């Protein structure tokens with residue numbers, strides 16, 4: 001019965017991730033479809049639950065047509081990849097100021113996606129051409145605590161690591177605030 | 001496995017299955033063990049009442065697998081079985097197993113016990129009426145695993161298997177679990193998840209690393225069986241084939257160039273069985289090109305919305321989402337990308353008709369219900385959410401317009 | 001073919017059984033009704049499948065499943081009213097096959113409960129004299145020159161409760177006497193033989209004789225239960241003992257169909273009678289003796305004073321010391337069946353069951369009979385070799 005938003009810059013793997021979870025098939029192998037806005041039910045702590053997921057665009061031209069669905073939501077979350085910190089810079093400033101403007105007191109855990117690549121040498125090689133890549137969990141925990149959030153979670157697209165826990169603490173934010 | 005030895009296997013397998021939440025299978029263990037002694041006592045001619053081991057083929061076909069000690073032992077084993085079903089949330093088969101019990105009590109004439117034997121069958125069907133089709137019962141999430149590697153794995157050096165994991169164990173759990181269980185028995189690093197889904201066999205794996213294909217699967221049935229397997233229990237009881245849709249899109253992966261492959265695999269012995277795992281054997285593939293899947297997958301999101309309305313509950317949260325997937329597409333293709341590619345006047349000249357004709361009736365039924373859906377979302381919106389739904393029908397009304405231009409036809 | 005309207009004969013015929021207050025015949029109607037419906041939907045693909053219920057179901061157009069179940073539903077409620085509880089189960093047994101296929105559940109439950117209510121209702125009334133199915137009587141009217149069914153028809157009638165002999169006859173006469181000739185019918189009190197022309201024509205005459213659904217030895221094992229003595233009985237034997245011709249004889253006629261039935265009476269097909277050797281008359285009474293006491297010991301909630309009297313008779317001017325005349329020689333021995341006399345002895349296992357039951361008010365009436373017992377025991381067990 002739970003509502004839950006997925007903010008974030010475009011191509012922070014928002015859709016790429018949720019597609020891979022609700023349908024168990026490993027990322028990049030997700031059987032693709034249109035529609036968008038996904039959901040499925042998960043076993044947490046002890047009880048089972050139905051968890052709902054609203055997809056949001058980071059594509060700029062869909063502002064003003066985004067906030068109208070934030071009504072009714074019971075847990076929020078903001079998605080940034082630890083890949084491009086241009087998303088990390090743009091999430092303190094675009095999405096916390098957006099949460100204060102609609103449902104400003106419902107928990108919104110900010111989460112880091114695409115952890116897998118933080119040890120990939122061929123991407124640190126493209127990262128060193130512009131000399132930026134790491135987004136460290138010390139800074140991650142601190143950006144989210146200073147963003148008054150509840151938890152930051154280093155999650156990964158593939159390798160499955162970091163995952164599961166996120167949707168779990170999404171509802172674990174609701175049960176035990 | 002001899003009479004004396006094949007019996008001892010089932011027992012300690014029951015208490016072991018009992019010990020660690022493998023209920024249904026421990027339950028199945030006892031009624032499968034109790035058939036084994038039914039023939040051995042038939043094989044000495046000590047005497048469906050007393051008819052060898054096929055009388056337990058009623059509850060499961062794999063009861064045959066046990067044929068290759070006295071009467072009160074035969075009834076103490078079903079008695080122990082029936083309770084194991086009572087905890088395994090499988091209230092139904094308890095009727096098909098109290099038959100040979102009654103068939104002997106009616107032979108020794110006891111009545112009181114036959115009375116409270118017929119009572120606990122009523123005490124089950126009653127608990128069913130508030131369980132069945134409430135989605136309270138759940139076992140589910142059978143997985144398709146395969147080991148690959150010679151000079152690595154001993155007995156299971158390659159066979160393709162089908163695990164029955166329990167409750168809501170997703171793949172994040174079982175994958176990390178097999179990886180971890182086998183990564184530390186042959187050194188780290190060299191334990192590749194091999195997430196593939198494709199019927200791998202080329203073994204272009206540089207044999208210094210060991211692979212473990214995993215791919216979620218679903219109890220698969222046809223059109224005539226789907227009338228028979230109506231509720232949530234009936235689909236898990238005795239399943240031959242599970243199917244998984246595997247994408248084989250041209251080149252990498254992700255409207256017109258995207259294709260998927262249904263590969264069904266059977267399971268030899270029928271679920272539920274004694275041992276948790278059981279092997280696959282064949283993966284027959286029905287390939288669906290980007291129009292056949294368009295017909296079938298755009299049909300998929302049609303019946304689903306229609307299935308949230310016949311429901312009595314209808315939870316304000318679960319509706320508004322799926323219609324946003326239906327009317328207000330964002331960060332995805334959109335339901336209209338199907339129209340422009342396989343329905344526009346310029347398109348749909350080499351695709352056969354009747355195909356495209358069925359795509360019409362699915363398209364309309366997907367509309368006339370889509371509109372029925374927005375009205376219900378108006379029944380439990382309440383307060384602020386009303387300003388929102390005012391946009392939902394807007395996106396929907398516009399969706400009708402564009403559908404009319406691609407199709408050269410009026411859309412109401 | 002046809003009587004597919006005489007399916008309404010039975011419904012009519014049933015309603016008179018219900019009005020007659022003869023309900024055990026009645027429930028049987030509604031079954032053969034649903035037995036006949038079950039062949040018509042079988043021939044058109046939409047039959048003797050009740051053979052467990054009653055084997056004489058061989059003698060069996062807009063129809064539905066719902067109309068078939070409504071034929072069953074209104075039969076169980078006759079069974080439960082007839083007090084023949086044991087069969088509710090074998091009846092309600094395939095009504096569930098179509099409710100499980102249709103998966104009504106909420107009906108599968110409270111049905112499976114009605115069948116639980118049955119076996120819990122028979123365990124309370126079994127081994128109580130509370131079950132009065134009815135009484136059996138062989139009849140025979142010989143109106144060769146009058147209004148006889150065919151010729152001298154002979155066929156057994158089932159009267160309910162405990163009335164009979166006098167009650168059935170004096171009811172049978174005043175009922176045949178108004179359609180026949182008043183004061184032209186005959187009593188015919190003697191059971192043996194009965195052969196026409198050996199009595200001058202008065203142009204009527206009817207016969208009446210009590211009978212007991214006699215079972216063999218092989219049957220008395222499965223027929224240990226109370227309702228089993230009154231179900232699937234193809235034969236009733238009546239004992240006609242000349243005792244002297246001045247040995248005992250017994251006629252064991254078999255009827256054509258199996259009780260129960262849609263009609264209160266059915267035709268016989270064979271009268272079979274045998275005189276029993278004198279030494280054969282002993283093993284019949286002294287063995288009927290042996291089981292009568294075993295039945296009083298076991299029962300539980302024993303009728304008490306009934307238990308007391310039965311011993312009091314077992315010794316001696318006419319006591320069961322008939323074996324004093326069956327030991328000192330006499331006929332075809334065949335082990336004399338004195339081991340059947342030897343088992344009747346161990347019915348001394350009665351005196352102990354009495355010794356637990358009384359109060360210390362008769363704390364002496366017991367040693368008193370335990371002395372008439374021992375005195376009648378080994379001391380009169382001298383004519384049978386050793387003692388027990």
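One-based numbering along the chain as shown.
Method of determination (from the header): X-ray crystallography, 3.7 Å.
Cβ atoms are placed via backbone N, Cα and C, with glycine included.
Cβ environment of residue A:8 (GTP binding site): A:14, A:56, A:58, A:78, A:79, A:80, A:87, A:91, A:95 lie under 8 Å away, each six or more residues apart in the same chain. Among the features that Swiss-Prot reports, GTP binding site is placed at A:8-15, A:55-59, A:113-116.
Around the Cβ of residue A:30 (O-linked glycosylation site), the same chain contributes A:16, A:19, A:20, A:23, each under 8 angstroms and 6 or more positions distant in sequence. As annotated by Swiss-Prot, O-linked glycosylation site applies to A:30, with the evidence given as experimental evidence.
Per Swiss-Prot, motif 'Effector region' is recorded for A:30-38.
Taken from Swiss-Prot, the feature ubiquitin cross-link covers A:164, and the record attributes it to experimental evidence. Long-range neighbours of residue A:164 (ubiquitin cross-link) (same chain, six or more residues apart, CB within less than 8 Å of its CB): A:21.
Helix first, then strand, then coil: DSSP counts for the motif 'Effector region' (A:30-38) stand at 0 helix, 0 strand, 9 coil. Cβ neighbours of residue A:115 (GTP binding site) (same chain, under 8 Å, six or more residues apart in sequence): A:82, A:154, A:155, A:156, A:161, A:162. Listed binding-site residues: A:56, A:59. The one with the lowest count of other Cβ atoms within 10 Å of its Cβ is A:59. In the three-state DSSP scheme, residue A:14 (GTP binding site) falls into the helix class.
Of all the binding-site residues given, namely A:11, A:14, the one with the smallest number of surrounding CB atoms inside 10 A is A:11. Proximity to chain B (Cβ-Cβ under 8 A) holds for none of the binding-site residues A:8, A:11, A:115.
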